[PDB]
Amino acid sequence: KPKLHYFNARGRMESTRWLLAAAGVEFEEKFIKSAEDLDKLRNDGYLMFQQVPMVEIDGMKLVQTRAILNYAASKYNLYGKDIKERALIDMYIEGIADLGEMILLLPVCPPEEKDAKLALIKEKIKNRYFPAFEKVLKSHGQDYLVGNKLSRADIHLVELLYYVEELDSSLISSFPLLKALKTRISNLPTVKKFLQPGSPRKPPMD
Amino acid sequence: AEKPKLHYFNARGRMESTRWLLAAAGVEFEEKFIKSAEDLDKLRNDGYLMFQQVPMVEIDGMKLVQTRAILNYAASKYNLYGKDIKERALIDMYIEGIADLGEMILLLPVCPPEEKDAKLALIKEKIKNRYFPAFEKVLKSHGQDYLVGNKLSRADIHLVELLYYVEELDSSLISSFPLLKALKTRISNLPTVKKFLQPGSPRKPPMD
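Residues numbered from 1 in each chain as written, not as in the entry; some residues may be left out. Chains lettered and ligands numbered in written order. Heavy atoms only, no water.

- What the deposited record gives as its method is X-ray crystallography, and the resolution it gives is 1.86 Å.

Right, here's the structure in full:
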């Protein structure tokens, strides 16, 4: 079992909890509860850049969310079939990451910037991100973003739709194919289960 | 096939790490510079930018945007992403560290001036206490000429590019890391990289 080292919170580890659950992959978590939990992982050499997230998997101690995710997507066959399909997947998910990063940092936003930032994010959701993904779905007519087969792109996007719903639930209203993807993916057995009470899935930061 | 075609401003910014990697791989590419708002508008309006932003690279029939998507495709295409899933994990970890420190340096200019003497000092602390020791430690652990798999990878390249910008910031920062110094000279003397560091290459200058 992969072992996820992090605080008991979403943060930078939640996207990995979603990917591993969507792939049927069981895992353990070990939560950092104090400064001395963290200082101990550092002192043991566990953290190449002194930071978590860190995941122990197949003999490695991987840090950096993108390295963790890339490894797991490839290992569990969620990274498409060849380098061209990786490339679409990578392009789609890096856009998802950029939008995610905005939302994820919004609560540490200086209070005097908050109004402006919220408007800018919703304007990007409506005019930049959601149109791009609706287009992809519409261009090929298929249930999945890439190669007609579940990949990390579907997972990461649907994860983000849930965060956008929490932020403002009207934002997705004009994008039926996104809504439809959300529904379809949220009904896969592994994701439906992760979405039910009792899973490793974490609440919003308060 | 088509030479890859890089669409960006005529500056370093977020395309420079792409220039380094292609030039290191011996790959001939063309550049199409964005000079005006109108130029960027036309790329957008043409539907060439999935997310309405550059960098964008035309390669193998795709219009790839997002720096990490571009880099990841080119590294695999030219055997600069390791030989298997485990070596790529190490490469990804190494290069995401590099990108974190690189982003901080990259943005430092557009810091508001009242915060800039404190950013700069924080950057220098992490270089000396976090990043350079992390990479010196990898190099010392294997004794080999390259970071991963005893073979040129994209990690050596992104790392040595960042060594050049760290030098621009403060040439003293590297002085206690003998293996990083050694890496930088060796990689800089690779034929393709020596050429790219010679005048008249696509390598771009600092911004003024």
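From this point, the narrative continues.
### Re the environment of B:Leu159
Line of reasoning, step 1. Assignment of secondary structure puts B:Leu159 in helix α6 (residues 154-169).
Line of reasoning, step 2. Considering only alpha carbons, one finds B:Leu159 and B:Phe29, 130 residues apart in sequence, at a separation of 22 Å. (Helix = DSSP H or I, 4+ residues; strand = E, 2+ residues; numbered from the N terminus.)

### Looking at the sheet that holds strand β4 (residues 60-63) of chain A
Residues and elements named next belong to chain A.
Line of reasoning, step 1. The sheet built from 4 strands is open, its strands ordered β2-β1-β3-β4 with mixed pairing. With one partner strand each, in any of the chains shown, β2 (28-31) and β4 form the two edges of the open sheet. The average angle at which neighbouring strand axes cross in this sheet is 20°, direction not considered. (Pairing = 2+ DSSP bridges. Axes fitted to C-alpha atoms, helices over the stretch in contact; angles between N-to-C directions.)

### Details of helix α3 (residues 65-75) of chain A
All names here are of chain A.
Line of reasoning, step 1. Counting buried positions over the 11 residues of α3 gives 9, a clear majority of the element.
Line of reasoning, step 2. Those residues of α3 lying buried are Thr-65, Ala-67, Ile-68, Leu-69, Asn-70, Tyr-71, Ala-72, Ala-73 and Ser-74.
Line of reasoning, step 3. Backbone geometry just downstream of α3 places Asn-77 in the positive-phi region, at approximately 55°. (Buried < 20%, exposed > 50% of the residue type's maximum accessible area, 1.4 Å probe, protein only.)

### Side note on the pattern of salt bridges
Residues and elements named next belong to chain B.
Line of reasoning, step 1. Summed over the entire model, instances satisfying the criterion amount to 33 salt bridges over all chains.
Line of reasoning, step 2. For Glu-30, the salt bridge identified is with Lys-3, shortest N-O distance 3.1 Å. Separated by 27 residues along the polypeptide, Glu-30 in strand β2 (residues 30-34) and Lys-3 in the segment before β1 (5-9) bring together distant segments of the chain.
Line of reasoning, step 3. Residue classification places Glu-30 among the partly exposed residues on the basis of a relative accessible area of 31%.
Line of reasoning, step 4. On the basis of relative accessible area, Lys-3 is assigned to the partly exposed category, the value being 36%.
Line of reasoning, step 5. Salt-bridge contacts for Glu-87 lead to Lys-83; the nearest nitrogen and oxygen are separated by 3.9 Å. (Salt bridge = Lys/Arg side-chain N within 4 Å of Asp/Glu carboxyl O.)

### Describing the domain arrangement of chain B
All names here are of chain B.
Line of reasoning, step 1. The assigned domain composition of chain B is domain 1 (1-80 + 190-208) and domain 2 (81-189).
Line of reasoning, step 2. Measuring from the centre of the C-alpha atoms in domain 1 to the corresponding centre in domain 2 gives 21 Å.
Line of reasoning, step 3. Taken together, the contact between domain 1 and domain 2 spans 21 residues of the former and 23 residues of the latter.
Line of reasoning, step 4. Here domain 1 meets domain 2 over a buried area of about 1,900 Å², counting both sides, of which 56% is carbon and sulfur.
Line of reasoning, step 5. On the domain 1 side of the contact with domain 2, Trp-20, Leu-80 and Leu-190 bury the most area, a combined 35% of that side's loss.
Line of reasoning, step 6. A salt bridge links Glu-96 to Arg-68; its shortest N-O distance comes to 2.9 Å.
Line of reasoning, step 7. Our count for the contact surface shared by domain 1 and domain 2 stands at 8 residue pairs in polar contact.
Line of reasoning, step 8. Elements represented by at least two residues in the side of domain 1 that touches domain 2 include exactly α1 (16-24), α3 (67-77) and α8 (191-197).
Line of reasoning, step 9. Here the residues of the side of domain 1 that touches domain 2 sort into 11 nonpolar, 5 polar and 5 charged. (Domains from an automatic or database assignment. Contact = heavy atoms within 4.5 Å. Buried area = accessible area lost by both parts, 1.4 Å probe. Polar contact = N/O pair within 3.5 Å; in protein donor to acceptor, adjacent residues only side chain to side chain. Nonpolar A, V, L, I, M, F, W, Y, C, P; charged D, E, K, R; others polar.)

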